[PDB]
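Below is one structure, written out as structure tokens; comments come after it.
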Amino acid sequence: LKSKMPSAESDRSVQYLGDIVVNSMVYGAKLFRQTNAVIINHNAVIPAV
Amino acid sequence: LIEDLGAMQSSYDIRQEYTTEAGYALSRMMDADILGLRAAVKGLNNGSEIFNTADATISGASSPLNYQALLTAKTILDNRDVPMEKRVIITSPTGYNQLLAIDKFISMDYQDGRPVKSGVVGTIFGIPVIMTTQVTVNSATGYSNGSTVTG
Amino acid sequence: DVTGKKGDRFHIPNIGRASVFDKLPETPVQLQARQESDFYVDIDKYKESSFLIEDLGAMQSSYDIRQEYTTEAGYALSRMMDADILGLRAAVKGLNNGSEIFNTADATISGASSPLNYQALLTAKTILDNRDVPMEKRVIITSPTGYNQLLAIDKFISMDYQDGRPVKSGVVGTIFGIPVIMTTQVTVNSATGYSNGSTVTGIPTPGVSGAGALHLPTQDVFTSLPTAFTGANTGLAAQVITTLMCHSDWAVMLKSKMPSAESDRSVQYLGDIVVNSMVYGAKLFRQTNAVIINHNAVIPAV
Amino acid sequence: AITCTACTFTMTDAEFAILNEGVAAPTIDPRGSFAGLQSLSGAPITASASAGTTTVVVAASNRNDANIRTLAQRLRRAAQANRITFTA
Amino acid sequence: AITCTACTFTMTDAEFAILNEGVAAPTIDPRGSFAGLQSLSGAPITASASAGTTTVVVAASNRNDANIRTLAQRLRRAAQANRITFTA
Amino acid sequence: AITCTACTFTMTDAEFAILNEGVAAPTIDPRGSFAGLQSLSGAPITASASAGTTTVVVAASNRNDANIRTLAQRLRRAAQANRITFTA
Amino acid sequence: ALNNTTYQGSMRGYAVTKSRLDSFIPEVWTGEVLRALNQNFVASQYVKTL
């Protein structure tokens, strides 16, 4: 769910003589179909030959 | 927050570097949140988990990503009527190089390319294989949230 | 190429990675600032080979002595430059960031050593890939022993896996997309197996510390390359060869002056003085672009 | 062998907290003026404080020229930026 | 108040003679590597000898960052040029 | 079989130092006049100094015709070049 | 060996070496910086997004 892509809003901090840049994103993630994914658990062994 | 005094004296475009780092960090966070759904897939408990061990459990002799595990995953997906046109295999570089060590994925008798010569392996069972560093060995201290937040 | 530059130190700032934080209610955003380090490189090596030839031996001899000395001086300067570059394997070992591979049974120095085989190259490629090192400009630099050990692997010589004839021609093709280069400068790591000319012999090989060492890194923290395989390893299995799988950004070389020759006439000595000189510096540039594989000098049976 | 036997600086706790991102004496903040130095044998900067005074030194095996130069430069920049007197 | 309370370097008499243009410990040669510094209260560099060891110290009231930085840079350049080991 | 049982030369320490390029007796200087011979069992030339005189002998298993001839020729050339007297 | 110390040399005084030119040899910032190596993000393309 894609509510807001990472975007940057800029403001002038005059009390600090600086630039405030805030990059933000808004989203959600879930499992749509519970049958369309499989996970395989293996090891990190590089085999011989 | 970037001060004007520091930015006017440095010979490098500090604001551009900071903006690029922020954008990269946000994209990386989004990608990692997407890839963290393997835990949800594991918690489904509908049979979508495969243990690549001798007895298909956590206490068996572990085996690398091999032909049998991929065939079992393909069979599990096919038995569920999952379409074959938009499938993908996402694995760590360790998994990619483990696939590089299987005879049926590197020999000309089975596949049309030269993975040993070129270092890249083509589609396996018609499913393209995608390598990402974002997937790593599952550990509780192997990830970082920037240069200051590690572990 | 700083041949036209004027300074002696060169600085390259580092940039880290930003953090991502959850925006909580009624809480201002966390501002992020990083105190970054810089990579500095010096012009600290100034090398020379010189010789004075007197007139008596020049005219009594039927051979062209000056040409031989000039040629060997130039060759020695090139050899010193190349060996100084190759001595950075000690710095790579001294990084202690997982860039060293022991090709043994238990991946330690006390295990049963194995030659440069399929598993070692695959492990090095995996280590480089896990660091997001680009695949474009990788290279494998090894001794002729390692290059010929690569000939004993069926996967690199059969037509079923590659498109060359290493058995016919003796030349192995590209391995995992990474070309393999053979050089005699990479030797068996020993403390008395290298020579600084015909008059200085028995000095340690590049990257190995000892009495008379000359190619140890001078700008990086280094650990001397291992010389023997501890444990039950004996004979050729106890010898160590350090192959280097690296991307071009693994190290940096400042070129201040290429070897150039200057001649003069010494009347008081009645001779000719020739001086060949070079100015350069060598340092380790990126901390992640090099991997060193420690194997043995055993040719496997196949 | 040219060795640096001591590169020591003394500050008050308030000024050290100003320089060390508000962190107390024995801890060096990664975002402070004492972080980001070239590390050769561990933490290059060590700080302590007993009688309201903070002593900041370069570590025993990290006293190369680059660390000393960078520490001096950062101390200058922090002192003149924060208007902290540099009596020495 | 940020004060540098110790900036000392230890050498051998031979290396110091190489760097001080062949002059002994207590005298600083004007053409040597320890000359040409900024003088705020007198001679900015002092040197002493004790049993083959020469200690070079920035003067008490001359320990600004400029003197420390320049001394470290001179020592680094001299060690690199003369092939003298600089063990931290 | 024709074997050479002894090939011995004797000189003073000063003359040996001239011929050995200023090096002492037991060490054979590789840029000297006693180096560069044919090696068959190790160092073909050995030297020993006693009572202010140096004795130079070909090694036990390196006493072939070429080594003897080259040693004699080199001794002759060095003596003539350095104005050193050779005796029958 | 050119090790005879009984002759007279021709060099006296001091020479203008790179060490005596300390104030004239600068430190150079070439303008190049070292980024970290960027990762590859591909998961977003293999998920149904709305």
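Chains as they are written, first to last, in the authors' numbering: chain A, 305 to 353; chain B, 103 to 253; chain C, 52 to 353; chain D, 2 to 89; chain E, 2 to 89; chain F, 2 to 89; chain G, 2 to 51. In this text, a Cβ means the ideal position worked out from N, Cα and C, and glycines have one as well.
Item, Value
"Chain E contact residues for residue 66(D), given Cβ-Cβ distances below 8 Å", "73, 74, 76, 77, 87"
"Residue from 70(E), 77(E), 58(E), 19(E) whose Cα sits closest to the Cα of residue 44(E)", "58(E)"
"Any 3 or more C-beta pairs closer than 8 Å across the stretch 77-84 of chain F and the stretch 37-57 of chain F", "no"
"Pick from 87(D), 10(D), 46(D), 55(D) that is closest to residue 25(D), judged by C-alpha positions", "55(D)"
"9 Å Cβ cutoff, residue 110(C) in contact with chain B", "no"
"Contact set for residue 229(C): own chain, Cβ-Cβ below 6 Å, skip 5 residues either direction", "189, 191"
"Contact the stretch 231-250 of chain C vs the stretch 59-75 of chain C: 3+ CB pairs below 8 Å", "no"
"The stretch 283-290 of chain C touching the stretch 174-188 of chain C, judged by at least three CB pairs closer than 8 Å", "no"
"Three-state secondary structure assigned by DSSP to residue 305(C)", "strand"
"Environment of residue 313(C) [buried if 16+ CB atoms lie within 10 Å]", "exposed"
"The stretch 15-23 of chain D in contact with the stretch 61-70 of chain D per 3-pair CB rule at 8 Å", "no"
"Per-residue DSSP class, three states only, for residue 64(C)", "strand"
"Reduced DSSP category for residue 96(C) - H, G, I as helix; E, B as strand; rest coil", "strand"
"Coil, strand or helix - residue 105(C) by DSSP", "strand"
"Listed by chain order, chain A residues near residue 169(C) by CB distance under 8 Å", "352, 353"
"Three CB pairs or more closer than 8 Å across the stretch 334-350 of chain C and the stretch 294-307 of chain C", "yes"
"8 Å contact criterion, which residue 173(C) and residue 203(B) should meet: CB distance rounded", "6 Å"
"DSSP three-state assignment for residue 70(D), whether helix, strand or coil", "helix"
"Residue from 19(F), 12(F), 2(F), 89(F) with nearest C-alpha to residue 3(G)", "19(F)"
"Proximal residues of chain F, C-beta to C-beta of residue 243(C) below 8 Å", "Residues of chain F passing the Cβ test: none, with the nearest at roughly 15 Å."
"Interfacial residues, the stretch 37-51 of chain G to chain F, with Cβ spacing under 7 Å", "none"
"Assumed close pair residue 165(B), residue 347(A) - CB separation to whole angstroms, cut-off 8 Å", "7 Å"
"Interface flag, residue 70(D) vs chain E, CB-CB below 9 Å", "yes"
"Three-way DSSP call (helix, strand, coil) for residue 58(C) in this model", "coil"
"Status (buried if at least 16 other CB within 10 Å, exposed otherwise) for residue 114(C)", "exposed"
"Cβ of residue 338(A) within 9 Å of any chain H Cβ", "Among the protein chains in the structure shown, which are A, B, C, D, E, F and G, there is no chain H."
"Sub-9 Å separation of residue 137(B) and residue 252(B) beta-carbons", "no"
"Cα-Cα separation, residue 65(C) to residue 90(C)", "7 Å"
"Strand pairing of residue 345(A), partner residues [DSSP]", "153(B)"
"Residue 311(A) and residue 328(A) closer than 9 Å at C-beta", "yes"
"Local conformation of residue 237(C) per DSSP, three classes", "coil"
"Three-state secondary structure (DSSP) of residue 181(B)", "helix"
"Neighbour flag for residue 22(E) against chain G, beta carbons, 9 Å", "yes"
"Chain-ordered chain A contacts of residue 227(B) [CB-CB under 7 Å]", "Those within 7 Å of residue 227(B) in chain A number zero; the least Cβ separation is about 13 Å."
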